[PDB]
Each structure stands twice: as structure tokens, then as C-alpha cells.
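Take a look at the structure set out below.
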Amino acid sequence: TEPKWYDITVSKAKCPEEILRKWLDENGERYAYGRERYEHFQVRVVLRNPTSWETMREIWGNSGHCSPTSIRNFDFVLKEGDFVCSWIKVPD
Ligand SMILES: [Mn+2]
Ligand code: NA
Ligand code: NA
């Protein structure tokens, strides 16, 4: 089965946040991302559909660098910072 869990490092200069967010909403069942400085979005996503790594590499091109992940959690958002999550938190 092709992977569903991917980490992606997305270049903001090549992919504005709103384009990334729309793609994540359309293609991810669950996702979260942070920002690290050229600013990059550091994404983890579980895709709705199994998708080959080669497909992911082609559709992101040099705008993002992706890799299937064996990690199965979004707990990086528990650290300090401003993160975007696909689900609703208590203060949202
Ligand atoms: Mn969604
Ligand atoms: Na958080
Ligand atoms: Na949230």
C-alpha cells in the first residue's frame, strides 16, 4: 500500500500559505504545520488516499521537499509556537 503519512517542508516563496492550506484541506484527512526561517512551512499530513512517493515528489517539485514518515502523531504542536492544525482545539 502506498503511504498516507508524509512530512513536507514547503517553501513559502514558492507556495503561499493559502495554496498549501487549500491543498491540505482537499487532500489530507488530518494535518498540522509550523513555520521555520526564506520561511518554510513544516508540515505533517495523513492523506485521504494512499499516494506514491514519486507522485508526491512530482506534484511538489522544488516548491516542497517531502518524505513518507513512520511517525504517527502531531505532538510537535505541543511545543511553544504558533501552529496551524486541521482539528479544533479548546481555545479555537
Ligand atoms: Mn480536512
Ligand atoms: Na498547538
Ligand atoms: Na486548531
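Naming scheme: A, B, ... for chains in displayed order of the C-alpha cells; residues 1 onward per chain; ligands 1 onward as shown.
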
Could you give me the residues within 12 Å of ligand 1, counting only C-alpha atoms and all ligand atoms, as a list in words?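 Using only C-alpha atoms and all ligand atoms, I find these residues within 12 Å of ligand 1: residues 21, 22, 23, 24, 25, 26, 27, 28, 29, 30, 31, 32, 45, 46, 47, 48, 85, 86, 87 and 88 of chain A.
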
Could those selected residues go to a file with C-alpha atoms, as a PDB file, in the first residue's frame?
```
ATOM      1  CA  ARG A  21      -3.788  25.188   3.159  1.00  0.00           C
ATOM      2  CA  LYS A  22      -6.230  24.591   0.319  1.00  0.00           C
ATOM      3  CA  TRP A  23      -4.212  21.592  -0.860  1.00  0.00           C
ATOM      4  CA  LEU A  24      -4.071  20.181   2.674  1.00  0.00           C
ATOM      5  CA  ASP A  25      -7.813  20.683   3.145  1.00  0.00           C
ATOM      6  CA  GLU A  26      -8.560  18.943  -0.162  1.00  0.00           C
ATOM      7  CA  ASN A  27      -6.101  16.069   0.204  1.00  0.00           C
ATOM      8  CA  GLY A  28      -5.382  15.476   3.904  1.00  0.00           C
ATOM      9  CA  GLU A  29      -7.619  13.804   6.425  1.00  0.00           C
ATOM     10  CA  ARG A  30      -5.548  15.382   9.216  1.00  0.00           C
ATOM     11  CA  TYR A  31      -2.593  17.752   9.184  1.00  0.00           C
ATOM     12  CA  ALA A  32      -0.628  20.324  11.128  1.00  0.00           C
ATOM     13  CA  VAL A  45      -0.177  15.211   6.870  1.00  0.00           C
ATOM     14  CA  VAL A  46      -2.076  11.945   6.731  1.00  0.00           C
ATOM     15  CA  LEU A  47      -3.533  11.884   3.222  1.00  0.00           C
ATOM     16  CA  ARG A  48      -7.088  10.804   2.466  1.00  0.00           C
ATOM     17  CA  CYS A  85      -3.919  22.346  12.910  1.00  0.00           C
ATOM     18  CA  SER A  86      -6.694  20.727  10.892  1.00  0.00           C
ATOM     19  CA  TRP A  87      -8.720  19.931  14.033  1.00  0.00           C
ATOM     20  CA  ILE A  88     -10.366  22.206  16.588  1.00  0.00           C
TER      21      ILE A  88
END
```

Residue neighbourhood residue 43 in chain A, 7 Å, only C-alpha atoms, exclusion window fewer than 6 positions, as an NGL selection string: :A and (7-9 or 32-34)

Check which residues fall inside 7 Å of ligand 2 when counting only C-alpha atoms and all ligand atoms, and print them as a PyMOL selection string. chain A and resi 77-79+82-83

Point out the residue among A:44, A:55, A:1, A:36 with the least atom-to-atom distance to residue 72 in chain A, counting only C-alpha atoms.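 Under the stated criterion, the closest residue is A:44.
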
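CA of residue 91 in chain A lies 22.3 Å from CA of residue 18 in chain A.
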